[PDB]
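S.K.: This is the content of work.pdb (PDB, C-alpha atoms):
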```pdb
MODEL        1
ATOM      1  CA  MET J   1      18.315  25.844 -40.921  1.00  0.00           C
ATOM      2  CA  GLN J   2      15.927  23.061 -40.001  1.00  0.00           C
ATOM      3  CA  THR J   3      14.367  22.177 -36.681  1.00  0.00           C
ATOM      4  CA  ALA J   4      13.695  18.840 -35.066  1.00  0.00           C
ATOM      5  CA  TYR J   5      11.931  18.288 -31.740  1.00  0.00           C
ATOM      6  CA  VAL J   6      12.453  15.421 -29.301  1.00  0.00           C
ATOM      7  CA  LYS J   7       9.578  15.306 -26.803  1.00  0.00           C
ATOM      8  CA  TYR J   8       9.665  13.216 -23.616  1.00  0.00           C
ATOM      9  CA  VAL J   9       6.158  12.495 -22.336  1.00  0.00           C
ATOM     10  CA  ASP J  10       4.842  11.184 -19.010  1.00  0.00           C
ATOM     11  CA  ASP J  11       1.836   9.119 -20.120  1.00  0.00           C
ATOM     12  CA  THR J  12       0.595   8.837 -16.531  1.00  0.00           C
ATOM     13  CA  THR J  13      -0.077  12.549 -15.903  1.00  0.00           C
ATOM     14  CA  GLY J  14      -0.114  13.553 -19.579  1.00  0.00           C
ATOM     15  CA  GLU J  15       2.476  16.284 -19.067  1.00  0.00           C
ATOM     16  CA  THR J  16       5.564  16.949 -21.164  1.00  0.00           C
ATOM     17  CA  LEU J  17       8.727  16.410 -19.074  1.00  0.00           C
ATOM     18  CA  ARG J  18      11.312  17.694 -21.516  1.00  0.00           C
ATOM     19  CA  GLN J  19      11.541  18.984 -25.065  1.00  0.00           C
ATOM     20  CA  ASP J  20      14.760  19.293 -27.020  1.00  0.00           C
ATOM     21  CA  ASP J  21      14.965  21.817 -29.842  1.00  0.00           C
ATOM     22  CA  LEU J  22      17.663  20.763 -32.323  1.00  0.00           C
ATOM     23  CA  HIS J  23      18.930  22.818 -35.258  1.00  0.00           C
ATOM     24  CA  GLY J  24      20.951  21.899 -38.321  1.00  0.00           C
ATOM     25  CA  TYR J  25      21.167  21.838 -42.101  1.00  0.00           C
ATOM     26  CA  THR J  26      19.137  19.614 -44.355  1.00  0.00           C
ATOM     27  CA  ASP J  27      20.853  16.237 -44.951  1.00  0.00           C
ATOM     28  CA  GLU J  28      23.035  16.029 -41.852  1.00  0.00           C
ATOM     29  CA  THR J  29      22.777  13.651 -38.920  1.00  0.00           C
ATOM     30  CA  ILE J  30      21.087  15.080 -35.843  1.00  0.00           C
ATOM     31  CA  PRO J  31      23.897  15.146 -33.196  1.00  0.00           C
ATOM     32  CA  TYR J  32      21.707  13.650 -30.513  1.00  0.00           C
ATOM     33  CA  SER J  33      20.671  10.500 -28.690  1.00  0.00           C
ATOM     34  CA  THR J  34      17.782   9.711 -26.320  1.00  0.00           C
ATOM     35  CA  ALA J  35      20.117   7.654 -24.126  1.00  0.00           C
ATOM     36  CA  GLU J  36      20.957  10.285 -21.515  1.00  0.00           C
ATOM     37  CA  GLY J  37      17.390  11.527 -21.204  1.00  0.00           C
ATOM     38  CA  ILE J  38      15.925   8.054 -20.756  1.00  0.00           C
ATOM     39  CA  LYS J  39      18.619   7.278 -18.175  1.00  0.00           C
ATOM     40  CA  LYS J  40      17.712  10.445 -16.225  1.00  0.00           C
ATOM     41  CA  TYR J  41      14.000   9.701 -16.067  1.00  0.00           C
ATOM     42  CA  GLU J  42      14.420   6.045 -15.144  1.00  0.00           C
ATOM     43  CA  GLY J  43      16.447   7.178 -12.131  1.00  0.00           C
ATOM     44  CA  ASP J  44      13.321   9.292 -11.337  1.00  0.00           C
ATOM     45  CA  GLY J  45      11.095   6.231 -11.145  1.00  0.00           C
ATOM     46  CA  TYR J  46       9.736   6.409 -14.709  1.00  0.00           C
ATOM     47  CA  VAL J  47       9.342   3.463 -17.141  1.00  0.00           C
ATOM     48  CA  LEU J  48      10.058   3.673 -20.876  1.00  0.00           C
ATOM     49  CA  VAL J  49       7.102   2.841 -23.094  1.00  0.00           C
ATOM     50  CA  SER J  50       8.296   3.832 -26.554  1.00  0.00           C
ATOM     51  CA  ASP J  51      11.084   5.775 -28.193  1.00  0.00           C
ATOM     52  CA  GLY J  52      10.261   7.272 -31.594  1.00  0.00           C
ATOM     53  CA  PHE J  53      13.759   8.601 -32.257  1.00  0.00           C
ATOM     54  CA  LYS J  54      16.400   6.474 -33.956  1.00  0.00           C
ATOM     55  CA  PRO J  55      20.174   7.029 -34.322  1.00  0.00           C
ATOM     56  CA  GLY J  56      21.073   7.901 -37.896  1.00  0.00           C
ATOM     57  CA  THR J  57      18.108  10.270 -38.144  1.00  0.00           C
ATOM     58  CA  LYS J  58      18.899  13.256 -40.364  1.00  0.00           C
ATOM     59  CA  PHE J  59      17.328  16.713 -40.765  1.00  0.00           C
ATOM     60  CA  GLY J  60      14.701  16.885 -43.519  1.00  0.00           C
ATOM     61  CA  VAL J  61      12.536  19.891 -44.316  1.00  0.00           C
ATOM     62  CA  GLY J  62       9.494  19.814 -42.137  1.00  0.00           C
ATOM     63  CA  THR J  63       9.401  20.589 -38.469  1.00  0.00           C
ATOM     64  CA  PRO J  64       9.135  17.065 -37.046  1.00  0.00           C
ATOM     65  CA  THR J  65       8.572  16.032 -33.454  1.00  0.00           C
ATOM     66  CA  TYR J  66       9.795  12.635 -32.269  1.00  0.00           C
ATOM     67  CA  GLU J  67       8.245  11.317 -29.032  1.00  0.00           C
ATOM     68  CA  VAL J  68       9.688   9.331 -26.137  1.00  0.00           C
ATOM     69  CA  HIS J  69       6.879   8.010 -23.920  1.00  0.00           C
ATOM     70  CA  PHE J  70       7.194   7.023 -20.244  1.00  0.00           C
ATOM     71  CA  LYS J  71       4.837   5.821 -17.523  1.00  0.00           C
ATOM     72  CA  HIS J  72       5.187   5.891 -13.744  1.00  0.00           C
ATOM     73  CA  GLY J  73       6.990   2.987 -12.136  1.00  0.00           C
ATOM     74  CA  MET J  74       4.967   0.900  -9.720  1.00  0.00           C
ATOM     75  CA  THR J  75       6.269  -0.930  -6.670  1.00  0.00           C
ATOM     76  CA  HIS J  76       4.098  -3.624  -5.131  1.00  0.00           C
ATOM     77  CA  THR J  77       4.417  -4.435  -1.445  1.00  0.00           C
ATOM     78  CA  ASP J  78       2.352  -7.472  -0.444  1.00  0.00           C
ATOM     79  CA  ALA J  79       0.808  -8.688   2.789  1.00  0.00           C
ATOM     80  CA  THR J  80       3.686 -11.035   3.724  1.00  0.00           C
ATOM     81  CA  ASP J  81       6.320  -8.274   3.483  1.00  0.00           C
ATOM     82  CA  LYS J  82       7.637  -6.511   6.597  1.00  0.00           C
ATOM     83  CA  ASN J  83       6.307  -3.307   5.097  1.00  0.00           C
ATOM     84  CA  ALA J  84       2.749  -4.567   4.755  1.00  0.00           C
ATOM     85  CA  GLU J  85       0.122  -2.584   6.553  1.00  0.00           C
ATOM     86  CA  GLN J  86      -0.826  -4.389   9.774  1.00  0.00           C
ATOM     87  CA  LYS J  87      -3.672  -3.682  12.214  1.00  0.00           C
ATOM     88  CA  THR J  88      -4.091  -5.754  15.387  1.00  0.00           C
ATOM     89  CA  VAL J  89      -7.330  -6.069  17.340  1.00  0.00           C
ATOM     90  CA  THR J  90      -7.140  -7.943  20.618  1.00  0.00           C
ATOM     91  CA  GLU J  91      -9.715  -9.097  23.152  1.00  0.00           C
ATOM     92  CA  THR J  92      -9.110  -9.400  26.880  1.00  0.00           C
ATOM     93  CA  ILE J  93     -11.307 -11.059  29.489  1.00  0.00           C
ATOM     94  CA  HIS J  94     -10.659 -10.263  33.155  1.00  0.00           C
ATOM     95  CA  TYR J  95     -11.945 -12.675  35.810  1.00  0.00           C
ATOM     96  CA  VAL J  96     -12.267 -11.035  39.265  1.00  0.00           C
ATOM     97  CA  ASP J  97     -14.309 -10.879  42.506  1.00  0.00           C
ATOM     98  CA  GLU J  98     -15.960  -8.296  44.803  1.00  0.00           C
ATOM     99  CA  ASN J  99     -12.595  -6.774  45.692  1.00  0.00           C
ATOM    100  CA  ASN J 100     -11.557  -6.772  42.018  1.00  0.00           C
ATOM    101  CA  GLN J 101      -8.898  -9.434  42.639  1.00  0.00           C
ATOM    102  CA  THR J 102      -7.641 -12.121  40.198  1.00  0.00           C
ATOM    103  CA  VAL J 103      -9.721 -15.352  40.443  1.00  0.00           C
ATOM    104  CA  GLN J 104      -8.876 -16.849  37.009  1.00  0.00           C
ATOM    105  CA  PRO J 105      -6.082 -16.066  34.477  1.00  0.00           C
ATOM    106  CA  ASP J 106      -7.057 -13.676  31.657  1.00  0.00           C
ATOM    107  CA  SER J 107      -8.432 -14.951  28.366  1.00  0.00           C
ATOM    108  CA  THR J 108      -6.629 -13.162  25.582  1.00  0.00           C
ATOM    109  CA  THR J 109      -7.139 -13.623  21.839  1.00  0.00           C
ATOM    110  CA  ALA J 110      -5.591 -11.560  19.037  1.00  0.00           C
ATOM    111  CA  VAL J 111      -6.365 -10.977  15.367  1.00  0.00           C
ATOM    112  CA  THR J 112      -3.906  -9.299  12.999  1.00  0.00           C
ATOM    113  CA  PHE J 113      -5.195  -7.841   9.736  1.00  0.00           C
ATOM    114  CA  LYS J 114      -2.547  -7.520   7.002  1.00  0.00           C
ATOM    115  CA  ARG J 115      -2.719  -6.072   3.479  1.00  0.00           C
ATOM    116  CA  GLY J 116      -0.466  -5.198   0.601  1.00  0.00           C
ATOM    117  CA  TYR J 117      -0.533  -2.026  -1.475  1.00  0.00           C
ATOM    118  CA  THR J 118       0.977  -0.401  -4.549  1.00  0.00           C
ATOM    119  CA  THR J 119       3.183   2.705  -4.466  1.00  0.00           C
ATOM    120  CA  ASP J 120       3.882   5.084  -7.376  1.00  0.00           C
ATOM    121  CA  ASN J 121       7.679   5.219  -7.816  1.00  0.00           C
ATOM    122  CA  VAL J 122       7.630   8.792  -9.102  1.00  0.00           C
ATOM    123  CA  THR J 123       5.201  10.490  -6.773  1.00  0.00           C
ATOM    124  CA  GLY J 124       5.861   8.245  -3.783  1.00  0.00           C
ATOM    125  CA  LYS J 125       2.168   8.127  -2.851  1.00  0.00           C
ATOM    126  CA  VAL J 126       0.114   4.910  -2.706  1.00  0.00           C
ATOM    127  CA  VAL J 127      -2.335   4.321  -5.534  1.00  0.00           C
ATOM    128  CA  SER J 128      -4.189   1.154  -4.480  1.00  0.00           C
ATOM    129  CA  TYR J 129      -4.642  -1.454  -1.724  1.00  0.00           C
ATOM    130  CA  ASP J 130      -5.001  -5.232  -1.965  1.00  0.00           C
ATOM    131  CA  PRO J 131      -7.797  -6.952  -0.091  1.00  0.00           C
ATOM    132  CA  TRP J 132      -7.402  -7.285   3.709  1.00  0.00           C
ATOM    133  CA  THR J 133      -6.073 -10.682   4.783  1.00  0.00           C
ATOM    134  CA  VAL J 134      -6.197 -12.609   8.076  1.00  0.00           C
ATOM    135  CA  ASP J 135      -3.569 -15.354   8.336  1.00  0.00           C
ATOM    136  CA  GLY J 136      -3.039 -15.295   4.565  1.00  0.00           C
ATOM    137  CA  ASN J 137      -6.737 -15.537   3.701  1.00  0.00           C
ATOM    138  CA  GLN J 138      -8.897 -12.801   2.208  1.00  0.00           C
ATOM    139  CA  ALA J 139     -11.195 -11.340   4.899  1.00  0.00           C
ATOM    140  CA  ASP J 140     -12.496  -7.916   5.961  1.00  0.00           C
ATOM    141  CA  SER J 141     -13.584  -8.983   9.421  1.00  0.00           C
ATOM    142  CA  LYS J 142     -13.263 -11.760  11.959  1.00  0.00           C
ATOM    143  CA  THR J 143     -15.613 -12.955  14.654  1.00  0.00           C
ATOM    144  CA  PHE J 144     -14.195 -13.710  18.056  1.00  0.00           C
ATOM    145  CA  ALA J 145     -15.394 -17.054  19.358  1.00  0.00           C
ATOM    146  CA  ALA J 146     -17.622 -16.498  22.389  1.00  0.00           C
ATOM    147  CA  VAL J 147     -15.692 -17.426  25.553  1.00  0.00           C
ATOM    148  CA  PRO J 148     -17.194 -19.517  28.387  1.00  0.00           C
ATOM    149  CA  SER J 149     -16.377 -18.215  31.857  1.00  0.00           C
ATOM    150  CA  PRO J 150     -14.570 -21.095  33.602  1.00  0.00           C
ATOM    151  CA  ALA J 151     -16.030 -22.830  36.678  1.00  0.00           C
ATOM    152  CA  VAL J 152     -14.735 -21.802  40.084  1.00  0.00           C
ATOM    153  CA  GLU J 153     -16.324 -23.804  42.887  1.00  0.00           C
ATOM    154  CA  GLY J 154     -17.442 -21.494  45.653  1.00  0.00           C
ATOM    155  CA  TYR J 155     -18.383 -18.753  43.204  1.00  0.00           C
ATOM    156  CA  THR J 156     -20.809 -17.990  40.373  1.00  0.00           C
ATOM    157  CA  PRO J 157     -19.902 -15.427  37.627  1.00  0.00           C
ATOM    158  CA  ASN J 158     -22.287 -12.608  36.615  1.00  0.00           C
ATOM    159  CA  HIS J 159     -21.981 -13.594  32.925  1.00  0.00           C
ATOM    160  CA  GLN J 160     -21.962 -17.300  32.023  1.00  0.00           C
ATOM    161  CA  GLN J 161     -19.969 -16.411  28.911  1.00  0.00           C
ATOM    162  CA  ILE J 162     -19.148 -13.332  26.942  1.00  0.00           C
ATOM    163  CA  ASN J 163     -20.581 -13.221  23.411  1.00  0.00           C
ATOM    164  CA  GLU J 164     -19.174 -13.357  19.941  1.00  0.00           C
ATOM    165  CA  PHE J 165     -18.019 -10.030  18.606  1.00  0.00           C
ATOM    166  CA  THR J 166     -17.164  -9.190  15.001  1.00  0.00           C
ATOM    167  CA  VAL J 167     -14.239  -6.849  14.339  1.00  0.00           C
ATOM    168  CA  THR J 168     -12.832  -5.006  11.303  1.00  0.00           C
ATOM    169  CA  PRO J 169      -9.289  -3.624  10.902  1.00  0.00           C
ATOM    170  CA  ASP J 170     -10.629  -0.307  12.167  1.00  0.00           C
ATOM    171  CA  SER J 171     -12.188  -1.670  15.388  1.00  0.00           C
ATOM    172  CA  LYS J 172     -11.092  -0.821  18.966  1.00  0.00           C
ATOM    173  CA  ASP J 173      -9.673  -3.517  21.269  1.00  0.00           C
ATOM    174  CA  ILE J 174     -12.053  -5.480  23.447  1.00  0.00           C
ATOM    175  CA  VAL J 175     -11.921  -5.269  27.237  1.00  0.00           C
ATOM    176  CA  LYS J 176     -14.568  -7.195  29.131  1.00  0.00           C
ATOM    177  CA  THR J 177     -14.577  -8.051  32.844  1.00  0.00           C
ATOM    178  CA  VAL J 178     -16.242 -11.051  34.545  1.00  0.00           C
ATOM    179  CA  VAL J 179     -17.074 -10.774  38.276  1.00  0.00           C
ATOM    180  CA  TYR J 180     -17.441 -13.872  40.438  1.00  0.00           C
ATOM    181  CA  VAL J 181     -19.849 -13.675  43.398  1.00  0.00           C
ATOM    182  CA  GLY J 182     -19.127 -15.787  46.474  1.00  0.00           C
ATOM    183  CA  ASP J 183     -21.649 -18.512  47.307  1.00  0.00           C
ATOM    184  CA  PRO J 184     -23.889 -17.234  50.186  1.00  0.00           C
TER     185      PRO J 184
ENDMDL
END
```
Would you encode the structure as structure tokens?

M.R.:
Amino acid sequence: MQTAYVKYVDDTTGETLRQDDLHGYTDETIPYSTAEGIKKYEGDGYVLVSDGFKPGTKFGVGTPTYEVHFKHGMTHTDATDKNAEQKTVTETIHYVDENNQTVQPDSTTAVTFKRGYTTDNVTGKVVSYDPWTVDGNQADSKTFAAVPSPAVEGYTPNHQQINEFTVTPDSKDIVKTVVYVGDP
């Protein structure tokens, strides 16, 4: 009674997923197909790479192993997708007086960093990230244009303008207050 092995391998991790031990007499057709197995692992997120078994294969005399190789499926989500990773850093300028009351409308400017990534279909964990993008262009930071405090006759602000500031996706929002002093 001969033996034949059918070995399903995950090339990604290197592990064996399944091994089928088949038995029969020399010269008969092995009552087996790799169909069902391959179907089951594809539903798991795996991708076929090669299938060494072939229908019509008979039992000989050795102890042969036939291999079916798989790799992990990959799903790419890119920066324009709803699922992209997004980080927003905003800057707010308040314009007040001695009583901390509104003398000029707020200056507000926002930057949204977006990036795609790749997920492993089998494990479900993410394996890489695409470069950070700002409005569809590759960038890891952005400088906020320095903002000039507007002119209010009767007052003079304690900062003529607030500077440029560079921000990364990680950065904390910017809150800066300008105080206008009444003309003595």

S.K.: With a distance cut-off of 7 Å and all atoms listed in the file, select the neighbouring residues of residue 155 in chain J, excluding the residue or stretch itself and same-chain residues fewer than 2 positions from it, and output the selection as a PyMOL selection string.

M.R.: chain J and resi 152-153+157+180-183

S.K.: Deliver the residues from the most recent selection as a file, using C-alpha atoms, as an mmCIF file, keeping the file's coordinate frame.

M.R.:
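Result file again-v8.cif:
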```cif
data_model
loop_
_atom_site.group_PDB
_atom_site.id
_atom_site.type_symbol
_atom_site.label_atom_id
_atom_site.label_comp_id
_atom_site.auth_asym_id
_atom_site.auth_seq_id
_atom_site.Cartn_x
_atom_site.Cartn_y
_atom_site.Cartn_z
ATOM 1 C CA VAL J 152 -14.735 -21.802 40.084
ATOM 2 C CA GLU J 153 -16.324 -23.804 42.887
ATOM 3 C CA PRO J 157 -19.902 -15.427 37.627
ATOM 4 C CA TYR J 180 -17.441 -13.872 40.438
ATOM 5 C CA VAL J 181 -19.849 -13.675 43.398
ATOM 6 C CA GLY J 182 -19.127 -15.787 46.474
ATOM 7 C CA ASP J 183 -21.649 -18.512 47.307
#
```

S.K.: Env of residue 12 in chain J: 12 Å cut, atoms = all atoms listed in the file, seq-sep filter 6 positions within chain, self excluded. Answer as a list in words.

M.R.: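 Listed by chain and then number, they are residues 46, 47, 48, 49, 69, 70, 71, 72, 73, 74, 120, 121, 122 and 123 of chain J.
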
S.K.: What does the PyMOL selection byres ((chain J and resi 138-149) around 9) select in this file, as number ranges by chain?

M.R.: J: 91, 93, 95, 107, 109-111, 113, 131-137, 150-151, 157, 159-169, 178

S.K.: Mind telling me what the PyMOL selection byres ((chain J and resi 76) around 7) catches here, as a PDB file with C-alpha atoms, keeping the file's coordinate frame?

M.R.:
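This went into part_21.pdb:
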```
ATOM      1  CA  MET J  74       4.967   0.900  -9.720  1.00  0.00           C
ATOM      2  CA  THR J  75       6.269  -0.930  -6.670  1.00  0.00           C
ATOM      3  CA  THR J  77       4.417  -4.435  -1.445  1.00  0.00           C
ATOM      4  CA  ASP J  78       2.352  -7.472  -0.444  1.00  0.00           C
ATOM      5  CA  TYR J 117      -0.533  -2.026  -1.475  1.00  0.00           C
ATOM      6  CA  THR J 118       0.977  -0.401  -4.549  1.00  0.00           C
ATOM      7  CA  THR J 119       3.183   2.705  -4.466  1.00  0.00           C
TER       8      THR J 119
END
```

S.K.: Rank nothing, just name the residue among J:158, J:63, J:99, J:16 nearest to residue 3 in chain J, using only C-alpha atoms.

M.R.: J:63

S.K.: In Å, with one decimal, what is the gap from CA of residue 114 in chain J to CA of residue 170 in chain J?

M.R.: 12.0 Å

S.K.: Residues around (10.3, 19.8, -41.2), cut-off 10 Å, counting all atoms listed in the file - what are they as number ranges by chain?

M.R.: J: 2-5, 26, 59-65

S.K.: Export, as a PDB file, keeping the file's coordinate frame, the selected residues with C-alpha atoms.

M.R.:
```pdb
ATOM      1  CA  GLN J   2      15.927  23.061 -40.001  1.00  0.00           C
ATOM      2  CA  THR J   3      14.367  22.177 -36.681  1.00  0.00           C
ATOM      3  CA  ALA J   4      13.695  18.840 -35.066  1.00  0.00           C
ATOM      4  CA  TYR J   5      11.931  18.288 -31.740  1.00  0.00           C
ATOM      5  CA  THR J  26      19.137  19.614 -44.355  1.00  0.00           C
ATOM      6  CA  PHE J  59      17.328  16.713 -40.765  1.00  0.00           C
ATOM      7  CA  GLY J  60      14.701  16.885 -43.519  1.00  0.00           C
ATOM      8  CA  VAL J  61      12.536  19.891 -44.316  1.00  0.00           C
ATOM      9  CA  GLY J  62       9.494  19.814 -42.137  1.00  0.00           C
ATOM     10  CA  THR J  63       9.401  20.589 -38.469  1.00  0.00           C
ATOM     11  CA  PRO J  64       9.135  17.065 -37.046  1.00  0.00           C
ATOM     12  CA  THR J  65       8.572  16.032 -33.454  1.00  0.00           C
TER      13      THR J  65
END
```

S.K.: Identify which of the residues J:85, J:15, J:68, J:177 lies closest to residue 102 in chain J, counting only C-alpha atoms when measuring atom-to-atom distances.

M.R.: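 Closest candidate: J:177.
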
S.K.: In Å, rounded to a single decimal, give me how far CA of residue 27 in chain J is from CA of residue 56 in chain J.

M.R.: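 Pair CA of residue 56 in chain J / CA of residue 27 in chain J returns 10.9 Å.
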
S.K.: In terms of the shortest atom-to-atom distance over all atoms listed in the file, which of J:32, J:84, J:18, J:176 is closest to residue 108 in chain J?

M.R.: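 Between J:32, J:84, J:18, J:176, the residue approaching residue 108 in chain J most closely is J:176.
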
S.K.: What does the structure give for the distance between CA of residue 92 in chain J and CA of residue 106 in chain J, in Å to one decimal?

M.R.: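 Pair CA of residue 92 in chain J / CA of residue 106 in chain J returns 6.7 Å.
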
S.K.: Find the residue from J:115, J:7, J:82, J:87 that sits nearest to residue 172 in chain J; use only C-alpha atoms when measuring.

M.R.: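 The closest residue to residue 172 in chain J is J:87.
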
S.K.: Using all atoms listed in the file, can you tell me which of J:179, J:17, J:79, J:103 comes closest to residue 44 in chain J?

M.R.: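 Using all atoms listed in the file, residue 44 in chain J sits closest to J:17.
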
S.K.: Counting only C-alpha atoms, figure out which residue out of J:171, J:57, J:80, J:86 gets nearest to residue 28 in chain J.

M.R.: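 Of the candidates, the smallest distance to residue 28 in chain J is held by J:57.
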